[PDB]
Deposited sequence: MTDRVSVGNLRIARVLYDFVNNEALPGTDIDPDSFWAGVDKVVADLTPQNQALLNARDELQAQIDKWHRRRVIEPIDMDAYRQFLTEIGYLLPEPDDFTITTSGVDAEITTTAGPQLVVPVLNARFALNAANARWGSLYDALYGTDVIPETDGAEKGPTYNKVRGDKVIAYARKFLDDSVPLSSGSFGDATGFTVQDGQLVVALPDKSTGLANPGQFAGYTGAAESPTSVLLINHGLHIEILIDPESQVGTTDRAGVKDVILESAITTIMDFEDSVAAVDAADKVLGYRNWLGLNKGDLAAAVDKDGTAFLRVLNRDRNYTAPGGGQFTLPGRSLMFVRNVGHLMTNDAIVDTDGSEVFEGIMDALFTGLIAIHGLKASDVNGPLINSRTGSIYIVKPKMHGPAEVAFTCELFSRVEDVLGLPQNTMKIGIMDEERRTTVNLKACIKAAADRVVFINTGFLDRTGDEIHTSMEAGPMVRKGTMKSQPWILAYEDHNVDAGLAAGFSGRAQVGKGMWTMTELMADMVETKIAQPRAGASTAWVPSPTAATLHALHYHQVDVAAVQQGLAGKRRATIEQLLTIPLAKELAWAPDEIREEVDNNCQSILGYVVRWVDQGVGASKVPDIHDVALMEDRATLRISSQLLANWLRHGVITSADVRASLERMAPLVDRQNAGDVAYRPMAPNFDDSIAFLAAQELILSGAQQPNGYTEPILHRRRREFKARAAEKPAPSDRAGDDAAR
């Protein structure tokens, strides 16, 4: 009726045409054999994929039952650990080994810096993300609360000089700290020149060079009156733009216009938790954006070209003007009716994504005929982040999938590299084996701490009531999880070979707090960590200039700072831990968060957006935070902390508040049960305990499809 038959598969026409007319041409893959391959791969790997999913359920049932047959609330760690081993949850750790992944770009093996993650369905965000390799420090400081909006220094309709001066001073201090002068301060600079290949900085009473002249990387314009000077520190570039006749330069002692930081070294184009894609139409819109990015012709605004510099000696060179791109595929769980078989059964979306995003990525290995000749991966790798994997057999399966896809695409084996999200408990406690199962493909491990927290709650759902959502970030289990991740990577030889990454900062308006606190991540040895915007990427870059990540990692070598016991420490709430008002606040906090997110997901197909919590702090959250909130209330409901009336009342109380915050928006109040979005939120909480591993996708997908079908009437 609207589907194309290929072997046992019935492919939605919109997807079939997209692949044939847009994805395949230029790849030199015969369409016939591609589609035959899709059918073969799906048929061969579907059974294993299903067996893996059934194994999760069998494990979770056994754990649930272990908790229900015990009364002793002080959990016996010795017996729990033995139980997990018996049932195959906790596997033996393999002998020491080193990863052998090759053909990986410098941005991944060597450079430490921010990693930006954006929804691929939003073409403009995606474009801005790709262009976010360079970002204005002045704009990041002026536009955020990193420079406090104190009296006199508030941002108005026009340039506030008092504020600008604070921005300038902040950046002079950064420069002093990052690329020190031999004597004196950048704050007192009057000019820059290049003399015999050395950077010279004029002070009022003298001239001076850098304390480390090798931090001078280049310049533009005349050496004796440069338009910019390029510095490098800890592998990251810093560009001072010189323009006395500019609106800012005119007020600056050296005529400096801006300081540009190399910011988002790598970007993850997300098909998973930050997007809403429930059918072939949604997937195509995403695939098309991924295609445009890899061909370099995406336009919503266009992709930046490379940056040209003059070397200290006077020669010419270029730096990449774009972030190196990963794509995040969906995980092993969900099916999607973009393709169905002859029984009407939907095909696994993870299998589809590997095939399609892998196909499309081939274009990023060829020179863009357009805004190029930017090759995404010069070293010939395709970078796919695989989320939500549970344990080493699931990693093995992703390997096999990637291997079979490479064959269908005619790519060399191991072309398709894997960024492993460590964001499920069964991966956390078997991490070394997981890395080993991908020892030839792995290019990162990353602590997806939000999903990890969700999995923590669901796995131990039957053990007792959990601590509040805000308490979770500082629990012993999570701190051990974070340290264990770093330790496993380093011991597997990631240093110099693969990224060790940490998680997302979600408080987009609290940039001063981000600058003060997120430095903890590179201090702990992470070579990269996630940010949600180009602005946040520029500000997080500051941290990699303050912290020598390579040195931190080498200082950590051989350390064993987390035990299996610490990892298995369930975040159970203590006896009488909350007063009535604290319980109410937490319920209201979670309900508002769920409703605010779900209404845009279900009604407008938006997978990530800003939602003010119970303190008005605007959070840029995605499905993972929804997973936490819904599981936490499900856990409180399961154990009698709150009643179903408390939840209902809270949802009904927060709903008009969420309608206010969104004032093409259809209001949830007052006809709650006429709102598909309101009912979805309720369902996420009330059925949370019965969702597989607490995953929210089954409900969101069902409800979004219901909504779309209504709008079609």
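Missing from the model, by position in the deposited sequence, are residues 1, 302 to 311, 675 to 677, 728 to 741.
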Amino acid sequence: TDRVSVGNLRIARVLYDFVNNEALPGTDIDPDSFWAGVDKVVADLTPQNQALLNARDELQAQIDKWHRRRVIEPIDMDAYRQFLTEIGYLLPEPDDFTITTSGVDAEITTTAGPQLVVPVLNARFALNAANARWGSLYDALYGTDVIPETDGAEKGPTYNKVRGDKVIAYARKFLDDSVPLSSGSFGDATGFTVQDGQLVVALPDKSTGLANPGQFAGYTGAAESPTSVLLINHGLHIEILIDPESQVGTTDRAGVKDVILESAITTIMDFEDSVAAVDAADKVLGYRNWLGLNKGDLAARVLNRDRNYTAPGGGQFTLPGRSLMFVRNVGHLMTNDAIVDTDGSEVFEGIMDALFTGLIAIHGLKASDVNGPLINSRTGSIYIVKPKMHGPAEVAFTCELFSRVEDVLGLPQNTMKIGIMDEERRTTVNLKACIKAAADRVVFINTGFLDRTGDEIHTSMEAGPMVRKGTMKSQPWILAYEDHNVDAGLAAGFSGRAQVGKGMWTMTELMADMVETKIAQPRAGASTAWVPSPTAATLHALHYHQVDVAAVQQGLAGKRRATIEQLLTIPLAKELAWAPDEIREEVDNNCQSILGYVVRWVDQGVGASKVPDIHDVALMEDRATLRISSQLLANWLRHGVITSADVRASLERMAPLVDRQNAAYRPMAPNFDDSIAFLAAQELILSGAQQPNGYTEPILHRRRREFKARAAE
From here on, numbers count along this sequence of modelled residues.
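Heads up, when I say rigid core I mean the largest set of C-alphas that superpose within 1.5 Å between the two forms.
The stretch that strays farther, by root mean square C-alpha distance over structures and residues in 6 other deposited structures of this protein after a rigid core fit, is 613 to 621, when 613 to 621 is set against 127 to 135. Core superposition of the other structures onto this form places the C-alphas of 573 to 581 farther off in 6 other deposited structures of this protein than those of the other stretch among 573 to 581 and 498 to 506.
Checked against the other entries of this protein, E73 counts as unresolved in at least one third of those spanning it. For the cut-off of one third of the other compared entries, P387 stays well clear, since all of them model it along with its flanks.
For the pair 574 to 582 and 347 to 355, the mean Cα B-factor is higher in 574 to 582. Averaged over CA atoms, B-factors in the entry run higher in 306 to 314 than in the other of 256 to 264 and 306 to 314. Among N49, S644, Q62, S650, the highest C-alpha B-factor recorded in the PDB entry belongs to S650. Comparing the listed residues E424, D177, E224, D487, the entry records the largest Cα B-factor for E224. Per the deposited record, the Cα B-factor of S495 falls in the middle third when ranked against the other modelled residues of its chain. For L53, the recorded CA temperature factor ranks within the lowest third of the chain's modelled residues. In the deposited entry, the Cα temperature factor of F125 sits in the middle third of values across the chain's modelled residues. When the modelled residues of the chain are ordered by C-alpha B-factor, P656 sits in the highest third. Remark: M511 belongs to the middle third of its chain, ranked by C-alpha B-factor as recorded.
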